[PDB]
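Novice: All residue numbers for the sequence shown refer to the authors' numbering, where the first residue is 1243 and numbers rise by one.
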Amino acid sequence: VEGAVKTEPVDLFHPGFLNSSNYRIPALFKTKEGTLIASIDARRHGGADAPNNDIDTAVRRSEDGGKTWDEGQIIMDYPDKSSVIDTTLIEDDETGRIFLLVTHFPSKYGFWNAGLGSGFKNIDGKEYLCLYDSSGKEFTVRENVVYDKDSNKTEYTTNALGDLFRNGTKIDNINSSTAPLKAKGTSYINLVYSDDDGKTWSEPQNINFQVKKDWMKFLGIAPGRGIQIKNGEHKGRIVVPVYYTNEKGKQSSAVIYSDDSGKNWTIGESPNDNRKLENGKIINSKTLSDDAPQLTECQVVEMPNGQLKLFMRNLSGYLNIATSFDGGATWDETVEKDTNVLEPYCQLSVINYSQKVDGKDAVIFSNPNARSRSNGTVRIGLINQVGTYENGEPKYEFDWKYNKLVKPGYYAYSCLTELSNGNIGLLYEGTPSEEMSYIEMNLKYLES
Ligand SMILES: CC(=O)N[C@H]1[C@H]([C@H](O)[C@H](O)COC(C)=O)O[C@@](O)(C(=O)O)C[C@@H]1O
Ligand code: NA
Ligand code: NA
């Protein structure tokens, strides 16, 4: 229709960009200053997930609303097939700090062979990263100084990137397949930040000790973006979606969150904790032993009164949605299935929209509208209150009033952002692992 805007797709990442053969897992965020930040997995040896790869994090910035992009940069690189995989972007608007979080594996590990727990150990009241030598002997890193199992200082020290130094000389890296001392083989949540709108980034912070429990096997970023809560008693809280597996390997969604500008983090309950399944059964993410109720990758959006809605990848064939009245710490016992929104077991994206649509508050949603990874569709969901819960909190439902096909053919992971002009930017997996595509869409297009 006249006035509609749907730009010709541009390959924001692609074979050869930054000398990476492959790319996957898009993330896209407009900062408060108005810059677009796009992060991606730079997969160096094919499209495969960890451990069968060597994956780095890359970033591109646009300062003119997505029309042109900078030459990019690798911001996280571990050696020897130690991977960083699945990034997520959020900003603290009060301090102007941008956060990027990612899952990290030592060489040879990934979601299915991850060992149990955080890989940290408590000594006299402080968590310390554990290291292991060839014979199984366990060490701790105390302010980057390696102590043996008798709290004897050794000759070894580390840095944030895991380099291992013997008397101040680098010999290896605790994440490699060859280091004399290796970190525990498991998932780690890593955090970097930018104070200059994304131009430069800090070294990775290993926050596993605050968010990974003893009984979790894998705990990883649910890729895409986070939020900072805008209304109510938890305003200012930074919410980052995650998901984890238990001993039996079953997956459950959650968010980690910080109320002190990213300094400390906690993990909330999963919507699977005390979940009431359809016919009344009560399960828990800790004990979950069946595949059916699994909740995995997810993204979160805020309702007008500050209530949280977690959109979750799952195994029912349809979108699943959890609700939290307490800023992400727990969820209502009922997980809703929207049979208006197919979910073929793939990552999805959902963001708040800043302006009313047809007089209603709205969200924007992206995913493959099929039983396969195809038929990529952006939707406008209008929020309606439909009564209240027993506890008197409002009950919110979505009306998927506008549904627009934007990518025929292959469509997998995606990430949305609202643009300074009020339009919608989208970075999506239009190929399985090569070209990653960026387009801009106005609501006139989406409503057509
Ligand atoms: C492997 C990983 O850390 N992330 C990958 C994730 C994951 O393997 C999938 O969610 C299943 O997780 C679990 C714990 O069973 O899913 C993808 O493999 C996919 O596109 O299906 C891409 C993504 O990078
Ligand atoms: Na690397
Ligand atoms: Na560390």
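From the three backbone atoms N, C-alpha and C, an ideal C-beta is built for every residue, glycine too.
1. Does the beta carbon of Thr-1428 fall short of 8 Å from some heavy atom of ligand 3?
2. Using C-beta distances below 8 Å, list every residue in its chain close to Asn-1665, excluding the 5 sequence neighbours before and after it, in chain order.
3. Closer than 6 Å is what we want: which residues have a beta carbon that near any heavy atom of ligand 3? List them in chain order.
4. At a cut-off of 8 Å, would you count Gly-1559 as near ligand 1, judging by its Cβ distance to the nearest heavy atom?
5. Is the Cβ-Cβ distance between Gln-1536 and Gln-1493 less than 9 Å?
6. Which residues does DSSP list as the beta-bridge partners of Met-1318?
7. Give me the DSSP bridge partner(s) of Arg-1408.
8. Check whether the region 1384-1402 touches the region 1484-1502, taking contact to mean three or more Cβ pairs, one atom from each stretch, closer than 8 Å.
9. To the nearest angstrom, how far is the alpha carbon of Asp-1253 from that of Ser-1377?
10. Under 5 Å from any heavy atom of ligand 2, by CB: list those residues in chain order, please.
11. Measure the C-alpha to C-alpha separation of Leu-1561 and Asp-1641 and round it to an integer number of angstroms.
12. For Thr-1630, count neighbouring Cβ atoms within 10 angstroms of its own Cβ and tell me buried if that reaches 16, exposed if not.
13. Can you tell me where the beta strand (DSSP E) holding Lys-1551 begins and where it ends?
14. Taking a contact to mean a Cβ-Cβ separation below 9 Å, would you say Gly-1462 touches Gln-1470 in this structure?
15. Between which residues of its own chain and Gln-1627 is the CB-CB distance below 7 Å, once the five residues before and five after are set aside?
16. Could you have a look at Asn-1582 and say whether DSSP puts it in helix, strand or coil?
17. Which whole-angstrom value is the C-beta distance of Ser-1503 and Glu-1336, which I expect to be below 8 Å?
18. What would DSSP say about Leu-1358, mapped onto helix, strand or coil?
19. Report the rounded CA-to-CA distance for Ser-1566 versus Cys-1540, giving the unit in angstroms.
20. Grab the span of the beta strand (DSSP E) containing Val-1497 for me, first residue to last.
Specialist: Answer, in terms of the structure:
1. Indexing the sequence shown from 1 puts residue 1428 at position 186. False, no ligand heavy atom lies under 8 Å from that Cβ.
2. In the sequence shown, the residue the question calls residue 1665 occupies position 423. The answer, listed in chain order, is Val-1247, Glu-1682, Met-1683, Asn-1684 and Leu-1685.
3. In chain order, the residues positioned with their C-beta nearer than 6 Å to some heavy atom of ligand 3 are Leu-1371 and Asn-1448.
4. Mapped onto the sequence shown, residue 1559 falls at position 317. Not so, every heavy atom of ligand 1 lies at least 8 Å from the Cβ.
5. Stepping through the sequence shown from its first residue, residue 1536 is reached at position 294. Stepping through the sequence shown from its first residue, residue 1493 is reached at position 251. In this structure, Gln-1536 lies near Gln-1493, with their beta-carbon atoms less than 9 Å apart.
6. For the purposes of this step, residue 1318 is taken as residue 76 along the sequence shown, with counting starting at 1. In DSSP, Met-1318 forms a bridge with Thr-1299.
7. Walking along the sequence shown from the start, residue 1408 turns up at place 166. Its beta-bridge partners are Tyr-1398 and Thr-1411.
8. no
9. Numbered from 1 along the sequence shown, position 11 holds the residue referred to as residue 1253. Numbered from 1 along the sequence shown, position 135 holds the residue referred to as residue 1377. So the alpha carbons of these two residues sit roughly 48 Å apart.
10. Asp-1296, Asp-1298 and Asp-1319
11. Here residue 1561 corresponds to residue number 319 of the sequence shown, with the count starting at 1. Here residue 1641 corresponds to residue number 399 of the sequence shown, with the count starting at 1. Taking the straight line from one Cα to the other gives about 13 Å.
12. Numbered from 1 along the sequence shown, position 388 holds the residue referred to as residue 1630. Exposed, because fewer than 16 other Cβ atoms sit within 10 Å of the Cβ of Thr-1630.
13. Here residue 1551 refers to the residue found at position 309 when the sequence shown is read from its first residue. That run of the beta strand (DSSP E) goes 1550-1556.
14. One-based indexing of the sequence shown puts residue 1462 at position 220. One-based indexing of the sequence shown puts residue 1470 at position 228. Result no, Cβ atoms of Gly-1462 and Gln-1470 do not sit closer than 9 Å.
15. In the sequence shown, residue 1627 corresponds to position 385, counting from 1. Cβ within range, chain order: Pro-1636, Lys-1637 and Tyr-1638.
16. Locating residue 1582 in the sequence shown gives position 340, counting from the first residue. Strand at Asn-1582.
17. Here the question's residue 1503 lines up with position 261 in the sequence shown. Here the question's residue 1336 lines up with position 94 in the sequence shown. The Cβ separation is near 7 Å, so the contact holds.
18. For the purposes of this step, residue 1358 is taken as the residue at position 116 of the sequence shown. For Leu-1358, the three-state secondary structure derived from DSSP is coil.
19. Taking the first residue of the sequence shown as 1, we reach residue 1566 at position 324. Taking the first residue of the sequence shown as 1, we reach residue 1540 at position 298. Approximately 14 Å between the Cα atoms of the pair.
20. Position 255 of the sequence shown, counted from the start, is the residue given in the question as residue 1497. 1493-1500 is the span of the beta strand (DSSP E), which, as asked, contains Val-1497.
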